[PDB]
Amino acid sequence: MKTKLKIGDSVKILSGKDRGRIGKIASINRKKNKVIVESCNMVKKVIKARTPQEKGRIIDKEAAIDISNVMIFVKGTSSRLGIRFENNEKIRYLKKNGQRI
Amino acid sequence: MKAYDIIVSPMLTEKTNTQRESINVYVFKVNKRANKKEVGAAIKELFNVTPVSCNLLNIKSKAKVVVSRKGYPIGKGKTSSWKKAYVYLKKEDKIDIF
Amino acid sequence: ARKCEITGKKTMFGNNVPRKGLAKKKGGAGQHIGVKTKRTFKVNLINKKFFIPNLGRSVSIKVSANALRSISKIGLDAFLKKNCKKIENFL
Amino acid sequence: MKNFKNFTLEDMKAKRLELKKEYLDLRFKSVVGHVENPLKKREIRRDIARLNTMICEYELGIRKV
RNA sequence: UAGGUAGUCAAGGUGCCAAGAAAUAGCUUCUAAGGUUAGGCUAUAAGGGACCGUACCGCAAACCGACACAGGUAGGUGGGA
RNA sequence: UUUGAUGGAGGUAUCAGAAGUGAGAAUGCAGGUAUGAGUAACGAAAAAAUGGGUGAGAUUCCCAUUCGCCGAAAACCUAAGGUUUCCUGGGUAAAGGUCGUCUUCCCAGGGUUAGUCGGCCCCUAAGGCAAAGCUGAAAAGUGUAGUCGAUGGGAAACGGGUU
RNA sequence: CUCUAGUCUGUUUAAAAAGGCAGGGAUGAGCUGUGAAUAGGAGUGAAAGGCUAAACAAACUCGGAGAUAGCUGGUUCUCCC
RNA sequence: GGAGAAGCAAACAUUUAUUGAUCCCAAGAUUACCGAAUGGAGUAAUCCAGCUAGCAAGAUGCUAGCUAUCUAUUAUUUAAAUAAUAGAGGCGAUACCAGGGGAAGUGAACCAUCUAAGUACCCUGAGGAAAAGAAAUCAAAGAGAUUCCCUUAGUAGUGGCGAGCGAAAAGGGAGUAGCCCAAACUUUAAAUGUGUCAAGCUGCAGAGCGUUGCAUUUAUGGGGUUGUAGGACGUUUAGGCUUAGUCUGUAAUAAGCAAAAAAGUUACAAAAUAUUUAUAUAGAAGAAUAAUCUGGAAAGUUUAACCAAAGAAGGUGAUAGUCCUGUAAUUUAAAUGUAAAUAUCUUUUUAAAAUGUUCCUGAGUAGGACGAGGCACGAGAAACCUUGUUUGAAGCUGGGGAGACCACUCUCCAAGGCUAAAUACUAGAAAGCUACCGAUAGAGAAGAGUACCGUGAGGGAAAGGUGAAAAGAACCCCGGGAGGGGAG
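Protein chains in written order, with the deposited numbering: chain AW, 1 to 101; chain AV, 1 to 98; chain AZ, 2 to 92; chain Aa, 1 to 65.
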């Protein structure tokens, strides 16, 4: 559902296998409330991709992490996000310090 | 109903292909609300040729049995019924779009 | 129905009550009610003809003897007016 | 969703006719067997519906030229 | 060629009493209000055929009997000795 | 209530309170599984046999040659009914009283073309409905003019070929 | 084509009334197809207390209804007097 | 509202979206055919048309728009017939309400009176509530409409005086509201009856012999509405005038105009506004944790904080006030619905108290007799109320009631019509609560009135859980597969 994170941001992973590893948000599945972080939660998968019999193979790809497990991380700081109204623009700022994202 | 809501799409089947090759007959899926006269008029307007005659059929809906997520019959579903048209042209006439 | 076309009287449903014994006001020890059954009291409609000189013709109405008595007492036009009906609704 | 939000009534009528051409031809090619963009059918159908409302609004006078 | 059945002629013919559908349809015919190319009729060439059903089983494992059931299911064909 | 093994996320001491509070039986209810027992049966005393082929697999499927059965049928064509069961290709969880490559079973696609056939329609029988009229606490009941209602009466085609 | 005397099989049956031998009627009070009509205290009945959707000395469904039983059955942990 | 979207679910492709999509709210457009189904018919989703217009119109062609019935009101000699409008038809709510019809299983240890019970059910009507309602009332107290709770009270009575049935007043609360006609006279007429002299008009007079003379019904404006008050008479009055109180001008009152108030909740009716940061149907913002240890995973252990009008509740890889969605306290409305208040507007008063005279004040009604019903009250001395069959009054110097009846006394004014709130109900929509259920439980149904059964009405199941994430077992081996043995 509604969330304050934008595709392309840089986030720090709060919990899971990848403590504190920092990656960019590649995609957001808001039907399941999950997020895909580039080069994080990285799983091995098998694909035949089709029934005809040339070959199948093992590839590596990221799995969707829950939204709650990431947090925006900008200029060496990670914090919650509030939003402000100035210049007729719903902008976003860091609750810890309060800067332009 | 304009002549575009009448003709739905042609049919490319082995039977229709041989019939078209041999006796110059074209088969269409048409709307269920059409009849002989406006099917002929629609053919004329669309392809600029007047058909000698037209024959229409009502194809009944094919029933299927629906099974659960596990899989076992829980009801009877059905396809959509439709109407098929055989169109007869003069031996010199042709339709090119096919 | 068995309905006075003027007043609206209709049949009235009630009981049928047999009684055995002798009433105390006749020296008897009393009366006892027997088996009550269902019954109906019927209006006595009359298919009467009233000749109206006002249009020189007779109109036939279903009225009860009570309504006939009242018409004889007050006059047909006034009675119809009182029961808010008009002669042209008949015919 | 294509942009006709400035067209006049008869221009919209002409657009509707040639779009119905497009839809019929698209159905025919789909049955003949290979059409690269099947969803073009849905797009064209929605366009035609848009035209029908917009014309209707012209006769009804809700949208004035 | 000759023989010849079940149909058909036949809603026939001949007897009998138990005295043997209806129709405003079809066919033919008569006229009122009206019409006098307004038509109706005889032809003649030109084209108009509505809408629905049409697969398959139908003495049976596909209909009716809870069944792939020793049962039931109208009618027309019923070869030869 | 202590300790092992299993389990992988919620429980419990004291006091007080409230009950849908304790099951072995009601020819109890529901589910699972024994027993009889690998026993009775496998649905009519018309009947099968060999070879070849297909296939992982054949008494059962396909083909060939014999034999047997029905033949006022157990043959052929239309109803009443069923509703894809029809044809082609593919498949064997299950269903087929065995087997199965097979099937009326399953999956996908294809297949029903009418001026003359049967309807629709114009007609009425049995009968239904029914303005008016009449009768009834109400719902409604009778009932004429009208309208529906085939198992009947009404314009029109036959032969051959083709998938 | 319609019915079932006699007898046998069947009788946890092939069949919730059939099957094998057979038997009665078979130009008529005959058999049968397709519709329609008569409904529960009512219908119908060449008359058996028969039949009215496999159940009829008063059908079926829902409701009163958790009807009523002096009748039958069942009623769950422990200890002390 | 802001970045994904193509429903409930992804798959696998192919497009849409920052030129603001999907989605949410409001309005509008489209809206096949059936169904009250209503042009006629019919086997509901389909045939048959007529009239007008458009398709080359046309041969059983197509698309549009009308043609059903009933009630009320008028255009008529409301009937016959159309015409004109207005309102109804059916469904929902296996609830509530009013009216009509009305059981039985049972209890009385039988059973018939009685009970169950005016319950079940059926039928006709409506509403947001319905019904009732402003005393011809209660009842021996001096109260003051109706309705719903508390008590009187299981009392008074009633009952094969058996089983059983069973008040109301008083007194204590919730909620509060009272009004409009008929008639009396009189005004504009129409129609129907009837008429040729004083038939009308405040009284002096001239006019005047029919201002239709007067009645009856209809319509219309005034007038008025009750423990006998109200009309006409009696003066003070009568705003002031203009018209006329049969005609003209004078003493003498009415029809219109200044001067005020109430109203769609009854009390006349119909709206339109703006106006209200009122509210309902989308939204906006929304506080304050780091490290460490175990562990696959932390929210947990441990050590320290920080927020709190927010420690309600869910989700997040184990148990989160500070991770997310939210919560507290605030707040968004172009459009639409509903509410108030304001004026617009509408209607009304264009006055009141003052004394007796004739008139009016609800008629087949009150009441009586007979047969029944409702009162707790089963005929009992049986009042009261409703009523079928009959009979039948008084007219304020009157009439009703006060549990047979009569007298005196006391209270009230019927035979006309309206009225919100307190009350009853929730199929449902929104927000919540739980010593309520956790898959044989809870709705029948976590997947359903489906499968299945019956000709039909109708009857009616069963089946939830991989993991934190498919990361759904690449590949190899046995096997026709299935299944298994390795590897991941």
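Positions of the beta carbon are idealized from the N, C-alpha and C atoms, including for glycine.
Cutoff 8 Å: residue i Cβ touching any chain Aa Cβ
i                      : result
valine 8 of chain AV   : yes
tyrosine 4 of chain AV : yes
Whole-Å CB distance - residue i paired with residue j, under 8 Å assumed
i                         : j                         : result
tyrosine 26 of chain AV   : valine 87 of chain AV     : 5 Å
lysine 37 of chain AZ     : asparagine 16 of chain AZ : 5 Å
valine 35 of chain AW     : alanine 63 of chain AW    : About 11 Å separates the two Cβ atoms, so there is no contact after all.
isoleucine 58 of chain AW : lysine 44 of chain AW     : 6 Å
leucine 46 of chain AZ    : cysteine 5 of chain AZ    : 7 Å
Secondary structure of residue i, DSSP reduced to three states
i                            : result
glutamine 99 of chain AW     : coil
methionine 1 of chain Aa     : coil
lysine 12 of chain AW        : strand
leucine 94 of chain AW       : strand
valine 30 of chain AV        : strand
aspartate 78 of chain AZ     : helix
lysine 48 of chain AW        : coil
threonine 41 of chain AZ     : strand
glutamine 53 of chain AW     : coil
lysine 40 of chain Aa        : helix
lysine 75 of chain AW        : coil
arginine 3 of chain AZ       : coil
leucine 81 of chain AW       : strand
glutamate 38 of chain AV     : helix
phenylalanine 28 of chain Aa : helix
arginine 19 of chain AW      : coil
Within chain AV, partners of residue i - CB distance below 7 Å
i                            : result
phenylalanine 28 of chain Aa : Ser9, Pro10 and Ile97
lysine 15 of chain Aa        : Within 7 Å Cβ-Cβ: nothing; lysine 15 of chain Aa doesn't reach chain AV, min ~14 Å.
Minimum Cβ-Cβ distance from residue i to chain AV less than 8 Å
i                      : result
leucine 24 of chain Aa : yes
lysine 41 of chain Aa  : no
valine 35 of chain Aa  : no
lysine 20 of chain Aa  : yes
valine 31 of chain Aa  : yes
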